[PDB]
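# Chain and residue survey
For reference, the chains in residue letters:
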Amino acid sequence: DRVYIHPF
Amino acid sequence: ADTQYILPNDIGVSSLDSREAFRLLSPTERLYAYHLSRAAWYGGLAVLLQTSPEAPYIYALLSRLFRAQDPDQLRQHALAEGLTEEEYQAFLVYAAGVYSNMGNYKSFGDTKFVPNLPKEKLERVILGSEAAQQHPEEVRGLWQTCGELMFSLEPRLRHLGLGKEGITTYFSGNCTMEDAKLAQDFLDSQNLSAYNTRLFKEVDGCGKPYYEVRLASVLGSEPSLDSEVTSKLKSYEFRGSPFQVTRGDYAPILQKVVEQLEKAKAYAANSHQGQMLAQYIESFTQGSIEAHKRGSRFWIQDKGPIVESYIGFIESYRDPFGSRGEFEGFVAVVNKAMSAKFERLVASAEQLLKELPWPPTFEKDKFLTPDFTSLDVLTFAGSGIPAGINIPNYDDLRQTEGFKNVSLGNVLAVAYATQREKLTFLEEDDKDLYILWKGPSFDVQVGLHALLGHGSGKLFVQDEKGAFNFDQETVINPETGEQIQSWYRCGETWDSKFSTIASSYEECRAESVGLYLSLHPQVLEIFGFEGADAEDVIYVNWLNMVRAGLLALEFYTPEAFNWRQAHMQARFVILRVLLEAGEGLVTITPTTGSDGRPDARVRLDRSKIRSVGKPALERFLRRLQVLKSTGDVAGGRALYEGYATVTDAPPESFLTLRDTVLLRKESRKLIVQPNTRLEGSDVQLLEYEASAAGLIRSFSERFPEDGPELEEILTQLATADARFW
Ligand SMILES: [K+]
Ligand SMILES: [Mg+2]
């Protein structure tokens with residue numbers, strides 16, 4: 001499972 | 001103002017910083033990272049085949065063009081052929097986009113993007129290029145094959161997906177959700193994982209569909225020492241439909257991968273790294289997920305290495321059904337300094353898990369003390385780079401044996417800085433606070449998301465004969481007060497049960513844990529936030545989530561009623577849950593910015609976060625875990641798809657707001673990654689300009705040994721499956 005940052 | 005399905009010329013490009021972390025590696029560690037990286041970049045090309053029918057051709061055409069002429073050389077030809085600098089820049093950005101996404105569809109959003117210039121103008125450049133002079137047949141051939149699809153924005157080609165209203169290469173073009181469901185039931189019944197598989201449906205003379213489940217492996221129909229995959233290689237009968245299990249998918253590519261994996265094995269630090277690589281080789285040669293599971297099993301026991309790595313068909317985000325895995329692989333240097341606070345979070349994680357809004361009967365049996373390190377990425381192949389990862393995805397390993405957490409430190413650093421003038425949908429009184437703490441806030445959020453989020457929760461599983469991994473007599477469901485009446489049977493996984501919503505559902509649960517546990521002072525103290533700074537981080541973290549919930553509407557498709565990005569759908573849901581609580585906690589207000597164009601504002605009452613937000617989030621978080629543990633997909637879909645519903649209902653009017661979100665949207669940055677070169681004995685690190693031309697150059701020097709060979713391979717694999725789409 002992944003973790004994201006938005007906006008990027 | 002950005003245009004849909006088009007990458008802007010001024011798109012942000014950042015080069016991954018990896019000089020210091022590489023300068024610390026020993027010669028053997030460097031050689032280890034060198035071959036692992038090559039294995040990653042090799043297998044990363046398979047993503048092209050896993051994206052679109054034309055993606056392999058496009059990569060082959062771009063690679064040919066830039067091998068003969070670098071961006072500066074090709075500039076001189078393009079500008080002499082009538083292209084403006086702006087039009088040429090649009091082509092450079094497109095090429096860089098294809099490279100960084102490994103396809104002509106965004107990894108984050110699953111939308112197609114096309115070159116922002118006339119097709120007839122690009123044709124003159126390509127046909128008149130140096131690559132075209134040296135090889136006229138294959139250049140004209142490639143342009144004839146992928147030229148039309150390179151620019152086409154017909155509605156059915158705009159988004160990834162099953163059915164006639166979408167594009168996918170995980171399935172043949174004639175496949176639907178019904179086909180994917182039938183396949184998954186077949187796969188579950190044979191205890192065959194879908195991670196390294198694709199599905200193809202061809203019809204006979206009668207019109208009766210025939211299904212082929214093709215596994216990814218070096219080996220094909222030929223016999224070999226293995227029996228686990230070999231015995232599976234036959235025809236089947238399932239509910240009246242004929243299934244056939246084959247292998248040999250991406251065979252020449254995976255061949256290149258196991259070559260570099262085997263070479264890297266000769267530089268392994270310990271037996272844990274040695275055995276895990278041998279098992280990965282077994283997996284990629286035979287097509288065995290178990291072999292990859294065995295490899296992952298050794299990998300977890302490799303606690304806190306110097307060079308961390310993982311590779312394979314890991315994540316199932318881009319599969320429209322949500323069970324098949326996209327190939328990826330990374331090589332990174334463990335930043336000992338930044339990894340200090342994460343191990344600190346692990347040291348108190350067992351007690352933190354108890355603070356979660358569900359009884360210990362719904363939590364894992366034992367705290368497994370997982371590894372958690374901050375990483376400096378040297379190589380992250382595939383379609384996109386995440387902020388953090390929780391792996392492996394095998395839940396039978398994570399609830400019994402263990403798992404790993406990684407925070408990509410040199411990735412967080414890219415979006416750490418903030419430009420006030422480009423902030424959107426934020427109140428002016430919050431902008432300064434947002435800028436100052438945005439960075440530190442997600443650093444905490446990433447830590448909780450992976451460790452306290454993905455690393456929490458137990459799955460109720462019944463084996464093939466009676467015995468439950470829990471005690472049904474004593475365990476009671478909190479929401480109803482009754483005993484457990486739903487669970488996971490043999491062969492059933494999280495992805496097989498919840499399918500299309502499985503990813504987003506879990507991210508929502510994980511993001512909610514992050515918000516919920518970011519209220520705990522001992523958590524913030526670990527990351528170094530106390531007193532006034534502590535509540536500031538909390539307020540910003542919640543302000544960011546609510547803000548992101550509005551931005552998420554970019555990744556929703558109204559005409560299809562379908563969300564395209566799991567994490568963003570998850571944040572929109574959380575936004576809805578906090579809006580549902582009322583009490584003046586969160587409000588969304590349509591406005592008119594200084595731009596003169598439609599705008600919007602987001603307000604968050606800081607004082608009502610703990611009194612209104614927390615109990616509402618606590619209620620919602622309890623429901624999530626309950627339906628997840630019991631595998632209640634019907635209740636899960638009823639709960640999640642409810643909040644995930646996008647409408648133009650007052651006062652928010654999200655469907656109308658979506659138009660404002662798109663109007664003021666900012667494209668995600670492209671990331672340039674470095675290369676490693678081997679001068680016989682010593683390994684050097686090649687770095688590149690933080691630009692489109694720099695990103696292009698990074699791939700031109702990425703495969704100096706067998707570059708033209710890979711173009712040929714990717715072309716061959718593409719043509720072989722052309723009848724499917
Ligand atoms: K999934
Ligand atoms: Mg389709």
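Residues numbered from 1 in each chain as written, not as in the entry; some residues may be left out. Chains lettered and ligands numbered in written order. Heavy atoms only, no water.

What the entry reports as its method is X-ray crystallography, with 2.404 Å given for the resolution.

This part takes up the coordination of the magnesium ion (ligand 2). With distances of 2.6 to 2.8 Å, the protein atoms coordinating the magnesium ion (ligand 2) are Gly-163 of chain B (O) and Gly-166 of chain B (O). By relative accessible area, which is 8% here, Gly-166 of chain B ends up buried. (Donors = N, O, S within 2.8 Å, 3.2 Å for Na, K, Ca; no water. Buried < 20%, exposed > 50% of the residue type's maximum accessible area, 1.4 Å probe, protein only.)

Moving on, we come to the interface of chain B and chain A. Between chain B and chain A, the contact holds 39 residues from the first and eight residues from the second. Of the roughly 2,000 Å² buried where chain B meets chain A, counting both sides, 58% is carbon and sulfur surface. Counting the contacts that link chain B with chain A gives two salt bridges. Across the pair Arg-2 of chain A and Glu-328 of chain B runs a salt bridge, and its minimum N-O distance is 3.0 Å. Connecting chain B to chain A are 14 residue pairs in polar contact. For the side of chain B that touches chain A, the elements supplying multiple residues, two or more each, are strand 9 (388-391), helix 17 (409-412), helix 18 (428-454), helix 20 (502-517), helix 22 (532-551) and helix 23 (566-580) of chain B. For the side of chain B that touches chain A, the element with the highest residue contribution is helix 18 of chain B, accounting for five residues. Considering only residue class, the side of chain B that touches chain A consists of 19 nonpolar, ten polar and ten charged. Where strand 1 (residues 2-3) of chain A meets strand 9 of chain B, two bridges bridge the pair, whose relative direction is antiparallel. For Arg-2 of chain A, the partnering residue across the bridge sits in strand 9 of chain B and is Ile-389 of chain B. (Contact = heavy atoms within 4.5 Å. Buried area = accessible area lost by both parts, 1.4 Å probe. Salt bridge = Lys/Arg side-chain N within 4 Å of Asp/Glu carboxyl O. Polar contact = N/O pair within 3.5 Å; in protein donor to acceptor, adjacent residues only side chain to side chain. Helix = DSSP H or I, 4+ residues; strand = E, 2+ residues; numbered from the N terminus. Nonpolar A, V, L, I, M, F, W, Y, C, P; charged D, E, K, R; others polar. Pairing = 2+ DSSP bridges.)

With that settled, consider the pattern of salt bridges. All names here are of chain B. On inspection of all chains with the given rule, the structure shows 49 salt bridges over all chains. Notably, a salt bridge pairs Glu-687 with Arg-19, separated by 2.8 Å at the nearest N-O pair. In this pair, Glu-687 is assigned in the loop between strand 17 (682-686) and helix 27 (692-700) and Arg-19 in helix 1 (residues 19-23), connecting sequence segments 668 residues apart. In this structure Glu-687 comes out as partly exposed when scored by relative accessible area, which is 43%. Its relative accessible area of 32% is what places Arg-19 among the partly exposed residues. Salt-bridge contacts for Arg-324 lead to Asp-319; the nearest nitrogen and oxygen are separated by 3.4 Å.

Moving on: the sheet that holds strand 2 (residues 197-203) of chain B. Residue and element names in this part refer to chain B. Strand order in the open sheet formed by four strands is 2-3-5-4, and the pairing between neighbours is mixed. On the outer flanks of this sheet lie strand 2 and strand 4 (235-238), each paired with one strand and no other. Adjacent strand axes in the sheet meet at a mean angle of 30° when their direction is disregarded. Here strand 2 runs beside strand 3 (residues 209-216); their pairing, made up of seven bridges, is antiparallel. Paired with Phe-200 across the bridge in strand 3 is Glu-212. (Axes fitted to C-alpha atoms, helices over the stretch in contact; angles between N-to-C directions.)

Let's shift gears to the packing of helix 4 (residues 55-68) of chain B against helix 9 (residues 136-151) of chain B. Residues and elements named next belong to chain B. Orientation of helix 4 relative to helix 9, taken along the N-to-C sense of each, is 130°, at an axis distance of 9 Å. With respect to their mutual orientation, helix 4 and helix 9 come out oblique. Considering only the axes of helix 4 and helix 9, their crossing is left-handed. Here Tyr-57, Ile-58, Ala-60, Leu-61 and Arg-64 of helix 4 come into contact with helix 9, specifically with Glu-138, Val-139, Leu-142, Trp-143, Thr-145, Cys-146 and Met-150. Split into classes, the residues belonging to the contact of helix 4 with helix 9 amount to nine nonpolar, one polar and two charged. (Parallel < 35°, antiparallel > 145°, perpendicular 65-115°, else oblique. Left-handed = near helix turned anticlockwise from the far one by under 90°.)

Okay, the sheet that holds strand 6 (residues 307-315) of chain B next. One open sheet accounts for six strands, arranged 1(A)-9(B)-10(B)-8(B)-7(B)-6(B); its pairing is mixed. Each of the sheet's edge strands pairs with one partner strand only, and the pair in question is strand 1 of chain A together with strand 6 of chain B.

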